[PDB]
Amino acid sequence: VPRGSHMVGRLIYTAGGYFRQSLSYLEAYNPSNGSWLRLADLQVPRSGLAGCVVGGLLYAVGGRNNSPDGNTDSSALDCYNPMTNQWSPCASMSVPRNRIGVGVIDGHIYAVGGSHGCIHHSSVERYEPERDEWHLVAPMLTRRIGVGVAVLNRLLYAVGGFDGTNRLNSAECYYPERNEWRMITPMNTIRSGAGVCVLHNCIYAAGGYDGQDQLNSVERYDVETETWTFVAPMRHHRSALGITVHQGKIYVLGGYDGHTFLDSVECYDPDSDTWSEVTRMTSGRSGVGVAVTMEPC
């Protein structure tokens, strides 16, 4: 469960992010010993990207390079191999997607929503690593940027976000065999840029922005009861946070609290319904991509 491949543990990788400008950092945190490693920079700076892992490879998807010399939304898919410590371009998406949400089903990467200039996407596309090919699938019922995405029981959920006019509490679910999206129970809070993940049988939505404050509240959707319930709030309000699951606990990384770009990383224990601080990143940032895979070489 803890060991992967050769004889190694798994790390929490954070890629990219934003502080003053879009960042190229790739760093990996080890919950077993508290250590941080700096790894190979992304080829192109990006905030607002998502991260995921397939076959042990780390993928960086979408985003936007906010640089003083120009701002460029990204359709880019790039893959990091922990065994070589090298980034490799993959095929690009049909469209640039900043503030994207990503989920993995059946070894396939789903890219959801996001923005391209003043365009807010409802479009969705699926990537097949064995063929290095993107194909559009059915669009969402809602245009969503800053959308959180999670996978539960081989179904993909798109949660919260912003359609261009209002921040959203709505959420919806993709059924792959019917290529069909259906709305589900909305959250009890409007959230854009929330951290969205799955733990046991629930989809969590932590933090985000409700249109006037960054949030510390956290809720989770029990798919069996189709209801949202608040759990314990985080210790920091945060928006544009990184999130992932590691050994049964939820990790939230950085974000913006309305005053500071956070370096705080918090870990949620579901058994005790408590959050603790477990480390800080090397520097404060928002809009990172986060995933978990094997230790690098």
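Residue indices: 1-based, along the sequence shown. Between two forms, the rigid core is the largest collection of C-alphas that superpose within 1.5 Å.
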Exercise for the section: Determine, for 9-17 and 279-287, which one has C-alphas that on average lie farther from this form in 8 other deposited structures of this protein; superpose on the rigid core first. Expected result: 9-17
Exercise for the section: Mind pulling up the entry and telling me whether 31-39 or 63-71 has the higher mean Cα temperature factor? Expected result: 63-71
Handout entry: Between 208-216 and 143-151 (mean CA B-factor, as deposited), the higher
Key = 208-216
Fill in the blank from the handout: Highest CA B factor of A50, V252, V54, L26, as deposited, is found at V54
Completion exercise
The largest CA temperature factor among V102, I203, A158, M83 is found at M83
Exercise for the section: Would you check the entry's CA temperature factor for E177 and let me know if it's in the chain's lowest, middle or highest third? Expected result: lowest
Completion exercise
Temperature factor at the Cα of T227, chain-ranked in thirds, falls in the lowest
Practice task
Among all modelled residues of this chain, ranked by Cα B factor, put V1 in the bottom, middle or top third, i.e. lowest, middle or highest.
Solution key: highest
Practice task
Sorting the chain's modelled residues by C-alpha B-factor, tell me whether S272 ends up in the lowest, middle or highest third.
Solution key: highest
Exercise for the section: Consider only the C-alpha atoms of the modelled residues in this chain, order them by B-factor as the entry records it, and name the third containing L241: lowest, middle or highest. Expected result: lowest
